[PDB]
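Contents: one structure, followed by commentary.
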Amino acid sequence: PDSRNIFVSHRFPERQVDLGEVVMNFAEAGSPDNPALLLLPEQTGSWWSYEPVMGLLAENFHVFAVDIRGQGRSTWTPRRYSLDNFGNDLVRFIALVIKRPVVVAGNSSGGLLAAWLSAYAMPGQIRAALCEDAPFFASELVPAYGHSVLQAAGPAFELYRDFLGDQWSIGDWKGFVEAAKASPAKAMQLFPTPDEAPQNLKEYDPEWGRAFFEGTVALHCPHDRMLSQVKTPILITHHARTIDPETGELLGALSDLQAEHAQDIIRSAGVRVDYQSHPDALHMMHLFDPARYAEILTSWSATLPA
Amino acid sequence: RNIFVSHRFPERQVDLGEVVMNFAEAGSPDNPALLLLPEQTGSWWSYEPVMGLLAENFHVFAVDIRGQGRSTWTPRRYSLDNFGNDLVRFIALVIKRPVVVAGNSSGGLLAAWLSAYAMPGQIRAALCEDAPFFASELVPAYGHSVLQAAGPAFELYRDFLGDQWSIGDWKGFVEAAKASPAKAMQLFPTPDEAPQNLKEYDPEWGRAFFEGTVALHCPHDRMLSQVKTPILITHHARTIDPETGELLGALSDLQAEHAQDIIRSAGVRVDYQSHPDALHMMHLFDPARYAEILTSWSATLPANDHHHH
Ligand SMILES: C[C@H]1CCCC(=O)CCC/C=C/c2cc(O)cc(O)c2C(=O)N1
Ligand SMILES: C[C@H]1CCCC(=O)CCC/C=C/c2cc(O)cc(O)c2C(=O)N1
């Protein structure tokens, strides 16, 4: 994987654009007369996390699915992984490639960035943001509310750092898998441990995981302040989540309490916010139940002002 | 936040999205565009005495960086990357042409930031006026850290003025400054009343430098390795105290030598001028000299003719 020559074929053509520091890879679907839709993957996911759902969304949207920096065919940038750098790359992407206002939809950390764009993009760039099971608060080191990253997804990111290493400099996949299987963190059960590293992980810069676990990725983007600054309608979907009865760990993206405060803050900013709890859905609904995801996204987007 | 004073160039503001950025414009768009970045604690009008000279030959934009002047104060969001992307947006939304960027001190850091990290084609060239490469980092690759240079002053901005002037203990700041063991404290204003520039300054800037958060995600050795335009480095007064080892000045000879080396190994044009008797803010305290440095160097840039009309 530190070859950066490990890529495979996909169903939609891919194109790259120079944003200045990062060269961003992306795939396009749908017809350009339809409203623009920017799709942001989960951490460890390339644009083609959205490949099964892109055909469905192609019926109604002009779809751009991107590799975020440090993922896929987009530039890996050591020591530069922050929500602000991720977000400003996407501001540049809209300005250089799309050149229209977008609906932005993001899963997990991509949902953090969907909110980031609502608050901090260039004026007019963002019509609305869909935050698909975004770990508001629970992906911070010291959140204003609820479980920290250390008490939720952190243990997996720690193992990415310790065994895969920055830019796959260590690459001990077998040691990662044996450490993951031996971990006493119940949340580890939500992460794949196949016999060989899966394609999405070979495209992933594990310094992402370091930055989340060490609390550097969002040091300059406290979530309570970010959510208070959003400027567009927001849709929050909230998928599976439980509190482990033996460790107290959060299993899922964010707890009910965290979701309640996220809504409250957005509402206090005076922007439209809608919340949908889908407690039996998997974290990556856009991948594992694309028809349900597409319906949610399409139906909501139809309620947006023109 | 209503302590502003008049100035001899009209000021305007532009919404960048998060930051509303204040700036002063002078000159004709027929001449090359020039973006002026102040030092930390300096508003755009740090350049007000020299802009008349520069407006003879340049279309000048002098800006208030986020957390300074009339530009939005943004609690907890002070980083070189956020400062830098604001300026990327400013060029894209206001200037709409390639620019020469000239910055003093932290503004010089940001000029190099733009050279490396702006959108393609935005930056023609960067003038880094006594920029504290390495010396303004918490863990620099080379030489003094901020803790052995300007840090003690920023520490006192944090401790006595506070984030967004939330403490505001100017008297106690002055008293602590005078009592400081740091020889470098003599380089900072300690008047009996807070000066105008500092009333316009968000001291969380100082916190961010002292605590090593402002450039956590922008190590300077890597930044300098990624520059993509010609760079002019001016290096003004500096000495290293023989008793404490403190750096008095923006950067040491060792730090300037590595900065040059790194830029040159990026394969771009780099020029270095040592002005060991110049004050840190030469653009303010020796404006005629500074204007001649910038103008004469700009005239040697490729496409200087294309940018005249
Ligand atoms: C890798 C991606 C895969 C999801 C693995 C899980 O289903 C665990 C529960 C959901 C939380 C994930 C999660 C937390 C976080 O604090 C930061 C992140 O980027 C994610 C994030 O993107 N996970
Ligand atoms: C306040 C402004 C003016 C104070 C200048 C001095 O006379 C001290 C000399 C060294 C440079 C300061 C300096 C260091 C740094 O690590 C980061 C910075 O932004 C400055 C910076 O902009 N100083």
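Every chain in the structure tokens takes a letter, A first, then B, and so on in the order presented; its residues are numbered from 1, and the ligands are numbered from 1 following the presented order.
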
List all protein, DNA and RNA residues that have at least one atom no more than 7 Å from any atom of ligand 2, counting only C-alpha atoms and all ligand atoms, and write them as a PyMOL selection string. chain B and resi 39-41+105-106+132+135-137+146+149-151+187-188+209+248-250+280

Could you write out the selected residues, including N, CA, C and O atoms, as an mmCIF file, in the first residue's frame?
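Wrote out-v7.cif, looks like this:
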data_model
loop_
_atom_site.group_PDB
_atom_site.id
_atom_site.type_symbol
_atom_site.label_atom_id
_atom_site.label_comp_id
_atom_site.auth_asym_id
_atom_site.auth_seq_id
_atom_site.Cartn_x
_atom_site.Cartn_y
_atom_site.Cartn_z
ATOM 1 N N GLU B 39 2.109 41.401 10.483
ATOM 2 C CA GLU B 39 2.664 40.662 11.604
ATOM 3 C C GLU B 39 1.572 40.331 12.617
ATOM 4 O O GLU B 39 0.537 40.993 12.677
ATOM 5 N N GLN B 40 1.841 39.332 13.475
ATOM 6 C CA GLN B 40 0.936 39.095 14.596
ATOM 7 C C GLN B 40 0.787 40.363 15.424
ATOM 8 O O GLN B 40 1.766 41.066 15.674
ATOM 9 N N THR B 41 -0.447 40.648 15.865
ATOM 10 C CA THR B 41 -0.903 41.841 16.605
ATOM 11 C C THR B 41 -1.028 43.058 15.682
ATOM 12 O O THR B 41 -1.369 44.145 16.160
ATOM 13 N N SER B 105 6.615 38.511 9.474
ATOM 14 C CA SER B 105 6.549 37.709 10.703
ATOM 15 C C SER B 105 5.595 36.540 10.456
ATOM 16 O O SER B 105 5.822 35.781 9.507
ATOM 17 N N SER B 106 4.551 36.367 11.279
ATOM 18 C CA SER B 106 3.557 35.325 10.979
ATOM 19 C C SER B 106 2.891 35.529 9.605
ATOM 20 O O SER B 106 2.545 34.560 8.930
ATOM 21 N N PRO B 132 9.424 34.126 11.151
ATOM 22 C CA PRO B 132 10.053 33.222 12.137
ATOM 23 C C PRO B 132 9.889 31.744 11.796
ATOM 24 O O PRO B 132 9.258 30.966 12.523
ATOM 25 N N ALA B 135 11.536 29.119 14.488
ATOM 26 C CA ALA B 135 11.515 29.773 15.790
ATOM 27 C C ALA B 135 10.111 29.982 16.333
ATOM 28 O O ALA B 135 9.956 30.224 17.536
ATOM 29 N N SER B 136 9.094 29.934 15.477
ATOM 30 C CA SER B 136 7.711 30.108 15.911
ATOM 31 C C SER B 136 7.004 28.776 16.075
ATOM 32 O O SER B 136 5.796 28.758 16.336
ATOM 33 N N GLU B 137 7.727 27.665 15.922
ATOM 34 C CA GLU B 137 7.214 26.336 16.197
ATOM 35 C C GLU B 137 7.530 25.884 17.619
ATOM 36 O O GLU B 137 8.554 26.257 18.211
ATOM 37 N N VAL B 146 9.831 28.220 19.850
ATOM 38 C CA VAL B 146 9.153 29.421 20.327
ATOM 39 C C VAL B 146 9.369 29.633 21.826
ATOM 40 O O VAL B 146 9.350 30.777 22.317
ATOM 41 N N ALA B 149 12.301 31.923 22.241
ATOM 42 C CA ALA B 149 12.267 33.089 21.362
ATOM 43 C C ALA B 149 11.086 33.985 21.744
ATOM 44 O O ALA B 149 11.120 34.592 22.807
ATOM 45 N N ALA B 150 10.034 34.100 20.922
ATOM 46 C CA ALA B 150 8.968 35.044 21.266
ATOM 47 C C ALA B 150 7.961 34.484 22.266
ATOM 48 O O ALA B 150 7.095 35.225 22.746
ATOM 49 N N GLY B 151 8.073 33.215 22.621
ATOM 50 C CA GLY B 151 7.095 32.566 23.470
ATOM 51 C C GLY B 151 6.720 33.269 24.764
ATOM 52 O O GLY B 151 5.532 33.390 25.087
ATOM 53 N N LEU B 187 11.704 43.137 23.462
ATOM 54 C CA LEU B 187 11.289 43.398 22.091
ATOM 55 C C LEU B 187 9.811 43.757 21.961
ATOM 56 O O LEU B 187 9.388 44.152 20.864
ATOM 57 N N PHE B 188 9.004 43.637 23.058
ATOM 58 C CA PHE B 188 7.556 43.821 22.982
ATOM 59 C C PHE B 188 7.102 45.129 23.645
ATOM 60 O O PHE B 188 7.653 45.522 24.684
ATOM 61 N N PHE B 209 0.284 30.190 19.507
ATOM 62 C CA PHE B 209 1.715 30.090 19.239
ATOM 63 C C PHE B 209 2.461 29.486 20.436
ATOM 64 O O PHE B 209 3.288 28.583 20.275
ATOM 65 N N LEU B 248 16.679 36.670 20.132
ATOM 66 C CA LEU B 248 16.095 37.993 20.071
ATOM 67 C C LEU B 248 16.012 38.305 18.587
ATOM 68 O O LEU B 248 17.038 38.531 17.942
ATOM 69 N N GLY B 249 14.805 38.314 18.050
ATOM 70 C CA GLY B 249 14.594 38.421 16.630
ATOM 71 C C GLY B 249 13.644 37.351 16.144
ATOM 72 O O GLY B 249 13.106 36.555 16.918
ATOM 73 N N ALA B 250 13.446 37.334 14.823
ATOM 74 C CA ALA B 250 12.464 36.425 14.224
ATOM 75 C C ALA B 250 13.029 35.031 14.006
ATOM 76 O O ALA B 250 12.352 34.036 14.278
ATOM 77 N N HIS B 280 12.254 44.718 13.023
ATOM 78 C CA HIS B 280 11.475 43.553 12.623
ATOM 79 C C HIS B 280 10.416 43.943 11.596
ATOM 80 O O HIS B 280 10.291 43.305 10.552
#

Go through chain B and flag each residue having an atom no more than 6 Å from chain A; for those, report the closest pair of atoms plus their distance in Å to one decimal, using only C-alpha atoms, ordered by chain and rising number, as a tab-separated table.
residue	atom	partner	partner_atom	distance
B:16	CA	A:122	CA	5.7
B:17	CA	A:122	CA	4.4
B:18	CA	A:120	CA	5.0
B:76	CA	A:220	CA	5.8
B:77	CA	A:220	CA	4.9
B:117	CA	A:21	CA	5.2
B:118	CA	A:20	CA	5.6
B:119	CA	A:20	CA	4.4
B:120	CA	A:20	CA	5.0
B:217	CA	A:80	CA	4.9

Restricting the output to C-alpha atoms, write the selected residues as a PDB file, in the first residue's frame.
ATOM      1  CA  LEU B  16     -15.378  34.459   3.082  1.00  0.00           C
ATOM      2  CA  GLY B  17     -17.928  32.064   4.622  1.00  0.00           C
ATOM      3  CA  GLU B  18     -16.741  31.810   8.222  1.00  0.00           C
ATOM      4  CA  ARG B  76     -10.543  27.951  19.116  1.00  0.00           C
ATOM      5  CA  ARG B  77      -9.943  28.111  15.318  1.00  0.00           C
ATOM      6  CA  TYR B 117      -0.770  25.440  -0.422  1.00  0.00           C
ATOM      7  CA  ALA B 118      -2.880  28.012  -2.343  1.00  0.00           C
ATOM      8  CA  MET B 119      -5.104  27.024  -5.250  1.00  0.00           C
ATOM      9  CA  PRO B 120      -3.234  26.532  -8.534  1.00  0.00           C
ATOM     10  CA  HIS B 217      -0.646  20.608  11.334  1.00  0.00           C
TER      11      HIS B 217
END

So that I can check the surroundings of residue 232 of chain B, please list as a list in words every protein, DNA and RNA residue that reaches within 8 Å of it, counting only C-alpha atoms and ignoring chain neighbours fewer than 5 positions away. residues 126, 127, 128, 270, 271, 272, 273 and 297 of chain B

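Compared by their closest atoms to residue 55 of chain B, and using only C-alpha atoms, the residues B:32, B:27, B:287, B:42 rank with B:27 nearest.
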
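Near residue 32 of chain A, within 12 Å and counting only C-alpha atoms, sit residues 28, 36, 37, 58, 59, 60, 61, 62, 63, 64, 98, 99 and 100 of chain A, not including residues fewer than 4 positions from it in the same chain.
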
Okay, now the selection with N, CA and C atoms, as an mmCIF file, in the first residue's frame?
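Okay, this is what ended up in result-v4.cif:
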data_model
loop_
_atom_site.group_PDB
_atom_site.id
_atom_site.type_symbol
_atom_site.label_atom_id
_atom_site.label_comp_id
_atom_site.auth_asym_id
_atom_site.auth_seq_id
_atom_site.Cartn_x
_atom_site.Cartn_y
_atom_site.Cartn_z
ATOM 1 N N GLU A 28 -17.930 10.428 -11.111
ATOM 2 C CA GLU A 28 -19.083 11.198 -11.529
ATOM 3 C C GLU A 28 -20.183 10.249 -11.981
ATOM 4 N N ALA A 36 -26.766 19.135 -8.131
ATOM 5 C CA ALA A 36 -25.469 18.593 -7.771
ATOM 6 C C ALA A 36 -25.499 18.016 -6.366
ATOM 7 N N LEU A 37 -24.863 16.856 -6.221
ATOM 8 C CA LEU A 37 -24.783 16.103 -4.985
ATOM 9 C C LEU A 37 -23.337 15.677 -4.791
ATOM 10 N N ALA A 58 -28.132 8.569 -9.415
ATOM 11 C CA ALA A 58 -27.971 9.100 -10.760
ATOM 12 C C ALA A 58 -29.294 9.437 -11.410
ATOM 13 N N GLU A 59 -30.387 8.819 -10.972
ATOM 14 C CA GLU A 59 -31.679 9.109 -11.583
ATOM 15 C C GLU A 59 -32.143 10.530 -11.309
ATOM 16 N N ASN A 60 -31.699 11.135 -10.207
ATOM 17 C CA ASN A 60 -32.198 12.435 -9.777
ATOM 18 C C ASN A 60 -31.133 13.479 -9.491
ATOM 19 N N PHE A 61 -29.860 13.106 -9.444
ATOM 20 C CA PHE A 61 -28.791 14.010 -9.048
ATOM 21 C C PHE A 61 -27.616 13.917 -10.011
ATOM 22 N N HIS A 62 -26.863 15.010 -10.087
ATOM 23 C CA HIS A 62 -25.528 14.986 -10.675
ATOM 24 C C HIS A 62 -24.551 14.701 -9.540
ATOM 25 N N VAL A 63 -24.022 13.479 -9.513
ATOM 26 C CA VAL A 63 -23.312 12.952 -8.356
ATOM 27 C C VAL A 63 -21.806 13.077 -8.541
ATOM 28 N N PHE A 64 -21.143 13.618 -7.519
ATOM 29 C CA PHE A 64 -19.685 13.628 -7.412
ATOM 30 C C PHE A 64 -19.327 12.875 -6.131
ATOM 31 N N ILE A 98 -17.284 21.568 -9.500
ATOM 32 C CA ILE A 98 -18.741 21.534 -9.575
ATOM 33 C C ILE A 98 -19.284 22.868 -10.061
ATOM 34 N N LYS A 99 -18.884 23.953 -9.403
ATOM 35 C CA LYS A 99 -19.223 25.320 -9.779
ATOM 36 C C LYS A 99 -20.709 25.611 -9.711
ATOM 37 N N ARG A 100 -21.408 24.879 -8.863
ATOM 38 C CA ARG A 100 -22.821 25.059 -8.559
ATOM 39 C C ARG A 100 -22.977 24.826 -7.066
#

Nearest to residue 131 of chain B among B:255, B:57, B:295, B:2, with distances taken over only C-alpha atoms: which residue is it? B:255

Would you mind listing what lies within 10 Å of residue 302 of chain B as a PDB file with N, CA, C and O atoms, in the first residue's frame, with only C-alpha atoms counted and same-chain residues fewer than 4 positions away left out?
ATOM      1  N   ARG B 124       1.991  34.177  -7.509  1.00  0.00           N
ATOM      2  CA  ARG B 124       3.131  34.345  -8.407  1.00  0.00           C
ATOM      3  C   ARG B 124       4.459  34.158  -7.677  1.00  0.00           C
ATOM      4  O   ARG B 124       5.414  33.625  -8.254  1.00  0.00           O
ATOM      5  N   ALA B 125       4.521  34.583  -6.410  1.00  0.00           N
ATOM      6  CA  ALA B 125       5.771  34.790  -5.684  1.00  0.00           C
ATOM      7  C   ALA B 125       5.449  35.239  -4.268  1.00  0.00           C
ATOM      8  O   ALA B 125       4.425  35.884  -4.017  1.00  0.00           O
ATOM      9  N   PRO B 230       8.749  31.460  -6.648  1.00  0.00           N
ATOM     10  CA  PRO B 230       9.919  32.156  -6.100  1.00  0.00           C
ATOM     11  C   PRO B 230       9.607  32.705  -4.718  1.00  0.00           C
ATOM     12  O   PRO B 230       8.467  33.090  -4.410  1.00  0.00           O
ATOM     13  N   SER B 298      10.178  42.397  -7.250  1.00  0.00           N
ATOM     14  CA  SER B 298       9.036  42.107  -8.115  1.00  0.00           C
ATOM     15  C   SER B 298       9.366  42.316  -9.592  1.00  0.00           C
ATOM     16  O   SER B 298       8.938  41.536 -10.454  1.00  0.00           O
ATOM     17  N   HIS B 306       3.294  40.677 -18.249  1.00  0.00           N
ATOM     18  CA  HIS B 306       1.916  40.209 -18.418  1.00  0.00           C
ATOM     19  C   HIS B 306       0.967  40.842 -17.406  1.00  0.00           C
ATOM     20  O   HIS B 306      -0.237  40.961 -17.672  1.00  0.00           O
ATOM     21  N   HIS B 307       1.469  41.221 -16.235  1.00  0.00           N
ATOM     22  CA  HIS B 307       0.604  41.692 -15.168  1.00  0.00           C
ATOM     23  C   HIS B 307       0.483  43.196 -15.146  1.00  0.00           C
ATOM     24  O   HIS B 307      -0.153  43.750 -14.242  1.00  0.00           O
TER      25      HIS B 307
END

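Proximity of B:301, B:100, B:258, B:26 to residue 142 of chain B, computed with only C-alpha atoms, is greatest for B:258.
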
Which protein, DNA or RNA residues have an atom within 7 Å of ligand 1, counting only C-alpha atoms and all ligand atoms, as a ChimeraX atom specification? /A:42-44,108-109,135,138-140,149,152-154,187,190-191,212,251-253,283

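The smallest atom-to-atom distance between residue 238 of chain A and any of A:134, A:164, A:144, A:211, using only C-alpha atoms, is found for A:134.
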
Can you tell me, as a JSON list (two decimals) with N, CA and C atoms, in the first residue's frame, what residues are no more than 10 Å from residue 297 of chain A when counting only C-alpha atoms, ignoring any on the same chain fewer than 2 positions away?
[["chain", "number", "residue", "atom", "x", "y", "z"],
["A", 57, "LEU", "N", -28.91, 7.10, -7.28],
["A", 57, "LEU", "CA", -28.93, 8.55, -7.12],
["A", 57, "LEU", "C", -28.76, 9.25, -8.45],
["A", 103, "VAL", "N", -26.02, 19.88, -2.67],
["A", 103, "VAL", "CA", -26.35, 19.11, -1.49],
["A", 103, "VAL", "C", -25.14, 18.24, -1.17],
["A", 105, "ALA", "N", -23.71, 15.12, 1.28],
["A", 105, "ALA", "CA", -24.11, 13.99, 2.12],
["A", 105, "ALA", "C", -22.86, 13.23, 2.51],
["A", 130, "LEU", "N", -26.58, 16.42, 4.64],
["A", 130, "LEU", "CA", -27.05, 15.16, 5.20],
["A", 130, "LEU", "C", -25.86, 14.52, 5.92],
["A", 132, "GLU", "N", -24.91, 11.37, 7.73],
["A", 132, "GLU", "CA", -25.34, 9.97, 7.83],
["A", 132, "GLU", "C", -24.57, 9.33, 8.98],
["A", 235, "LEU", "N", -29.88, 17.33, 7.81],
["A", 235, "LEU", "CA", -30.53, 16.07, 8.13],
["A", 235, "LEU", "C", -29.55, 15.18, 8.87],
["A", 286, "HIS", "N", -25.66, 3.71, 3.31],
["A", 286, "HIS", "CA", -25.55, 3.97, 1.88],
["A", 286, "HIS", "C", -24.92, 2.82, 1.14],
["A", 291, "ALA", "N", -30.91, 1.27, -1.42],
["A", 291, "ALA", "CA", -32.24, 1.75, -1.79],
["A", 291, "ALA", "C", -32.88, 2.55, -0.66],
["A", 292, "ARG", "N", -32.69, 2.12, 0.58],
["A", 292, "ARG", "CA", -33.23, 2.86, 1.72],
["A", 292, "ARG", "C", -32.52, 4.20, 1.87],
["A", 293, "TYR", "N", -31.21, 4.21, 1.75],
["A", 293, "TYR", "CA", -30.47, 5.46, 1.81],
["A", 293, "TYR", "C", -30.92, 6.44, 0.73],
["A", 294, "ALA", "N", -31.00, 5.98, -0.52],
["A", 294, "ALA", "CA", -31.38, 6.83, -1.64],
["A", 294, "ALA", "C", -32.76, 7.45, -1.43],
["A", 295, "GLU", "N", -33.71, 6.65, -0.94],
["A", 295, "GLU", "CA", -35.04, 7.17, -0.63],
["A", 295, "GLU", "C", -34.96, 8.27, 0.42],
["A", 299, "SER", "N", -36.02, 11.91, -0.87],
["A", 299, "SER", "CA", -37.24, 12.47, -0.28],
["A", 299, "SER", "C", -36.94, 13.73, 0.51],
["A", 300, "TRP", "N", -35.89, 13.71, 1.32],
["A", 300, "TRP", "CA", -35.53, 14.90, 2.07],
["A", 300, "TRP", "C", -35.14, 16.04, 1.13],
["A", 301, "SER", "N", -34.31, 15.74, 0.14],
["A", 301, "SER", "CA", -33.85, 16.80, -0.73],
["A", 301, "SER", "C", -35.02, 17.46, -1.46],
["A", 302, "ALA", "N", -36.12, 16.72, -1.69],
["A", 302, "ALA", "CA", -37.27, 17.29, -2.37],
["A", 302, "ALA", "C", -38.01, 18.30, -1.51]]

Considering only C-alpha atoms, state which residue in the set B:196, B:286, B:189, B:184 is at the smallest distance from residue 6 of chain B. B:196

For segment 9-12 of chain B, list every protein, DNA or RNA residue within 7 Å, evaluated using only C-alpha atoms, and leave out those in the same chain fewer than 4 positions away; present the list as a short mmCIF file (atom, residue, chain, number, x, y, z; two decimals) with N, CA and C atoms, in the first residue's frame.
data_model
loop_
_atom_site.label_atom_id
_atom_site.label_comp_id
_atom_site.auth_asym_id
_atom_site.auth_seq_id
_atom_site.Cartn_x
_atom_site.Cartn_y
_atom_site.Cartn_z
N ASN B 22 -11.78 42.15 6.58
CA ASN B 22 -11.64 43.57 6.34
C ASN B 22 -10.35 43.81 5.57
N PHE B 23 -10.36 44.79 4.67
CA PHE B 23 -9.17 45.07 3.87
C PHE B 23 -9.24 46.50 3.37
N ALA B 24 -8.07 47.03 3.05
CA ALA B 24 -7.93 48.32 2.38
C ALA B 24 -7.30 48.10 1.00
N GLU B 25 -7.80 48.82 0.00
CA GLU B 25 -7.35 48.67 -1.39
C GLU B 25 -6.75 49.99 -1.85
#
